[PDB]
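Presented as structure tokens, the chain that follows is alone, the form deposited without this ligand.
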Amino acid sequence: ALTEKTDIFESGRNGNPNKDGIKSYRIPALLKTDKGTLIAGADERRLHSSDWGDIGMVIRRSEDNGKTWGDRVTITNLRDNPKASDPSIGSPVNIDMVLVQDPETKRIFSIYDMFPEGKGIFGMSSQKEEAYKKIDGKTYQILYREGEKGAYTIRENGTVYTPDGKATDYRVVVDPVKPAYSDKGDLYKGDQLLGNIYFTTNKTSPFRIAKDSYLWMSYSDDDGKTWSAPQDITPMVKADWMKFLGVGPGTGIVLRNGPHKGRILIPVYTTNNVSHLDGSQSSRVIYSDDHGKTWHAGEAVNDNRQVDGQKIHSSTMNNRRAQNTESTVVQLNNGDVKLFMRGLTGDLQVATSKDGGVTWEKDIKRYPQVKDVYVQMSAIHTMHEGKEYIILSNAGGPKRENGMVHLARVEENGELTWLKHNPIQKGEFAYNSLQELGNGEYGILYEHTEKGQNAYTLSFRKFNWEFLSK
């Protein structure tokens, strides 16, 4: 009914690095592929457990349904700034991935956040720094040059142009070739390596990008074995008013029925400049209708939402308790999309979209049957048999402890009735990612610590329907 845990990504112990020199792993994502492979994704947090520092986006693959696992594959690992005073905040940062496979092209996507060097999200500029300029139709990333106000641009082949549109002999590595693409952003003047556009302190080159918040995507066409260079999808989805835009980590979906069948959905959330992380964190999805080539932002659950007898909008809100942050997305058989959102009510909050994740119904449903201690969760659609269910996993509480697997029935109505609640991991429990394995089996990859382990070790268990019904 329930396997012992197998550690997939092992953290160090007692504040020290593990044998691989890594203190921490965080942020599990779990994906069952068309070939039957399991892909387990994580942040490899080398220096410490926080959402900054030197972090690699990594996966391991299992070809035997989770029994054994191959070598870590590093998707992306931006190089640290060797001149940074504080190495703990001294590297351009990637954190938080969402995995999903396109069932038609078989292409697998990892979408994750990026910040230039600094304390991650806390390293964003206090005043807006424009990150992109649209020139004669084409969108280019901006560079700021030491002691100058104007917006330089990174154009084709990575040639840097002056604010007034003249090509310089500066070049940015826009087609990285090094393992894990560690050369991305390197800045050259002709033949000479000068620095990196993602460095923001003690710079040895003239140029840096905006101190803002970015969304990157890498893809695999060989079942997770190798990965493309990162693709900067930010300007496709990030509105000018948005401060932070980041993923709700875990595993995204592809709509399997209705008019929008084939659409890829990725949970994300934003903040605004009015109240940032204090009162504006707002869930939504981004989506692709062309197999991951182009991306669009849906509306926020909080857009024109009625809260306490007054309307709010994700761009202007300042309401701590009306926030909804990281989320997990499921499509029902009736075509409706459900968004389960981390928040501050103490119980489960759920939004419904009838147009394939573009807009949301006027009310958020709350379920007091499922506690929410303000931590990430994952949920998946499952059939059994053939009655419709959703499995949702998160911390039971009262703190981030006692991992639970919750079973809901989806009524002919679209409503959910919570039937079963079963512990899956005693002790520390935080982020997690569920997947159907087939033949009545399910897998979960989750954050837990024991025996002095640093936050966190990511471990894998399998369970079956008999476990669910307990």
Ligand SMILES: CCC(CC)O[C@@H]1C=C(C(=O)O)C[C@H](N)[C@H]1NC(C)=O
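We number the residues from 1 along the sequence you see.
In what follows, reference is made to the form solved in complex with this ligand, a form of this protein that is not presented.
Take this ligand as it is posed in the bound PDB entry, superpose the C-alphas around its site onto the chain shown here, and state whether the site is open or blocked, counting it as blocked when 3 or more ligand atoms lie within 2.4 Å of a backbone or C-beta atom.
By the 2.4 Å criterion, open.
Hey, in the bound PDB entry, is residue 342 touching this ligand, heavy atoms inside 4.5 Å?
The answer is yes: residue 342 has a heavy atom within 4.5 Å of this ligand.
Hey, in the bound PDB entry, does residue 281 get a heavy atom within 4.5 angstroms of this ligand?
Yes - in the bound PDB entry, heavy atoms of residue 281 and this ligand come within 4.5 Å of each other.
Mark residue 135 yes when one of its heavy atoms lies within 4.5 Å of a heavy atom of this ligand in the bound PDB entry, and no otherwise.
Although this ligand is absent here, residue 135 would stay clear of it in the bound PDB entry, with no heavy atoms inside 4.5 Å.
Consider residue 29 of the chain shown here, and say whether it contacts this ligand in the bound PDB entry, taking contact as heavy atoms within 4.5 Å.
No, residue 29 stays farther than 4.5 Å from this ligand in the bound PDB entry.
Is this ligand close enough to 73, 99 and 219 in the bound PDB entry that each of the three has a heavy atom within 4.5 Å of it?
No, the candidate spot makes no contact with this ligand.
Among 288-296, 186-194, 346-354, 88-96, which stretch has residues whose heavy atoms lie within 4.5 Å of this ligand in the bound PDB entry?
Only one stretch passes the 4.5 Å heavy-atom test: 88-96.
Here the chain is shown alone; which of 400, 243, 338, 305 has a heavy atom within 4.5 Å of this ligand in the bound PDB entry?
Filtering the options by heavy-atom distance leaves 400.
Sort through 121, 229, 380, 142 and report the residue having a heavy atom within 4.5 Å of this ligand in the bound PDB entry.
By the 4.5 Å criterion, the partner-contacting residue is 121.
Just to make sure I understand: among 421-442, which residues lie within 4.5 Å of this ligand in the bound PDB entry, judging by heavy atoms?
The stretch touches the partner through 431 alone.
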